[PDB]
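Okay, so here's just one chain, in structure tokens, the form solved without the ligand.
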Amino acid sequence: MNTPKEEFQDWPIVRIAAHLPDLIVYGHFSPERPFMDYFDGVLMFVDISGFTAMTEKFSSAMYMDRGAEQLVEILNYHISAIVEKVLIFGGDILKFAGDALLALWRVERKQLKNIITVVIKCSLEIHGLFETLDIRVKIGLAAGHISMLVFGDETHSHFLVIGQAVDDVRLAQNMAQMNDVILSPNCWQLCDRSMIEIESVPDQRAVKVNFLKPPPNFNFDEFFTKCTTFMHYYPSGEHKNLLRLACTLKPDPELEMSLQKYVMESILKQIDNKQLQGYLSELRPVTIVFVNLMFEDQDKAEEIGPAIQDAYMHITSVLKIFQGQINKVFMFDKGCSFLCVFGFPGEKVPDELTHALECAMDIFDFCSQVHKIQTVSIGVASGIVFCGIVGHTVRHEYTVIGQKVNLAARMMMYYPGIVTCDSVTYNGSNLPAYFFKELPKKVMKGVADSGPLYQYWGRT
């Protein structure tokens, strides 16, 4: 009797799980919203610098209208290698945000110290990938308490991580110079100091890592193996040649119904072989509406949870009216941000700029009266941005990348408490001019020669 080879089956449920971390794929938690969970772990925030510039460049005539295709190709080539490292060292990639990504190693408190060592080593191997484009990487690491929030409605779900380790990992990464691995103070507080040579960082309790210098008889591979005891989903045994246990998921309608809610319809369409796999890679003009919500305490998940849910229910019904799409949600320095987009592929509408502004105002007014929301700020910018599926085959997400994405983000941060917009949006919208106010020019981190900015004042 033959024993023929089983071919890898690439079922829809497996294709969907590529878009989600194990935190969600194997999380099996209540379908009630908000849902909050609490655990400990180590975070790695890997930032690529140089891509919003390359993005601008690939618009130029030299790429012969294959700019989006070339950009996605070169981007994925690099990011794939970072994703392999993270996964092979046992991390869960939680989210992609432009050219950056956040990864988690979830463990019991007592194992934090050893895991931090695994993560530091992963970090240094990722720094190593780029001694070989004007691109390099900064890495922030944090460790401690983490909360998960799941929010949404009956057809769509989003998740977020929250808490002091989350805010820290961002702080850490923003202190880094090109090539630094920075540890949060709590990460440095909890780590095995006999292993790692650091240096101080100016007016900063965080630290920079210089070296991983392990004692005479330390064998990384045996240390790693001990560490895998604490890793629920590390591929092993018959499946040790796979990057992710999720590659072995089998059809299961209940599970697929749950997971599909995290993924955009147009992605699902491609997953279902009803749209060419290259239709979603595009350099196309869009409008980013970037919404920031600040709370008195952005680590109190039980407080901010209901608020984010309340805001999400409003934001989604307002966006629905204009094929606006929430592309990502995540904690910023201050607050929870919604990266919303008008004009993704297959979703254009006329008078997009006007609608973006009115939808922004509507969100601003509703969110400003939600209970625990202390301040709403919204940034609106329009231009050519890259849209596409970024990452590795086994772990990837739809993202947007562009100077306008960064500008909308910097506007909501540098002009808090109002709805602001760029010149492009101001000029192309069809609204009375006295609904705007022209603003003072602020010098904004990672932004040059933005034309005039405006506040969208609305009627009076």
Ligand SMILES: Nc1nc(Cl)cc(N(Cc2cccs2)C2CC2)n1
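Note that residue numbering begins at 1 and tracks the sequence as displayed. Shifts are known only where both forms have a C-alpha. Note that the rigid core is defined as the largest set of C-alphas that superpose within 1.5 Å between two forms.
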item	value
Residue 134 dropped from a third or more of the other entries of this protein	yes
Interval residue 194-residue 195, deposited residues with no coordinates in the entry (none, 1 to 3, 4 to 9, 10 or more)	none
Stretch with the higher entry mean CA B-factor, where the candidates are 395-403 and 59-67	59-67
Of 106-114 and 259-267, the stretch whose C-alpha atoms average the higher B-factor in the entry	106-114
Deposited CA B-factor, highest of 213, 232, 250, 121	213
C-alpha B-factor winner, where the candidates are 84, 254, 180, 358	180
Ranked against its chain, the third holding the CA B-factor of residue 281	lowest
Entry-reported Cα temperature factor of residue 412, expressed as the chain third it lands in	middle
Residue 42, C-alpha B-factor rank within chain (lowest, middle or highest third)	lowest
Chain-relative CA temperature factor third for residue 136	highest
Among modelled residues of the same chain, the CA temperature factor third for residue 22	lowest
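The form solved in complex with the ligand exists for this protein as well; it is not shown, and the discussion that follows is about that form.
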property: Check all three, 118, 141 and 212, heavy atom within 4.5 Å of the ligand in the deposited complex; result: no
property: Residue contact check: residue 102 to the ligand in the deposited complex, 4.5 Å heavy atom; result: yes
property: The ligand contact at residue 159 in the deposited complex, heavy atom, 4.5 Å; result: yes
property: Heavy atom of residue 367 within 4.5 Å of the ligand in the deposited complex; result: no
property: Touches the ligand in the deposited complex: residue 342 (any heavy atom, 4.5 Å); result: no
property: Among the candidates 233, 332, 223, 230, the residue which, in the deposited complex, approaches the ligand to within 4.5 Å (heavy atoms); result: 332
property: Contact residue in the deposited complex, chosen from 106, 127, 85, 95 - any heavy atom within 4.5 Å of the ligand; result: 95
property: Option from 315-323, 159-167, 349-357, 215-223 whose residues, in the deposited complex, bring a heavy atom within 4.5 Å of the ligand; result: 159-167
property: Stretch 28-66 - residues with a heavy atom within 4.5 Å of the ligand in the deposited complex; result: 45
property: Identity of the moved residue from 170, 127, 334, 78, C-alpha shift 2 angstroms or more, core fit between the shown form and the other one; result: 334
property: Core-aligned C-alpha movement of residue 299 between the shown form and the other one, 2 Å or more; result: yes
property: Distance direction in the deposited complex for the C-alpha atoms of residue 372 and residue 299, relative to the displayed form (3 angstroms or more); result: closer
property: Closer or farther in the deposited complex: C-alpha pair residue 371, residue 299 (3 angstroms or more); result: closer
property: Segments of at least three residues whose Cα atoms shift by 2 Å or more between the shown form and the other one, after superposing on the rigid core; result: 6-9, 297-299, 332-334
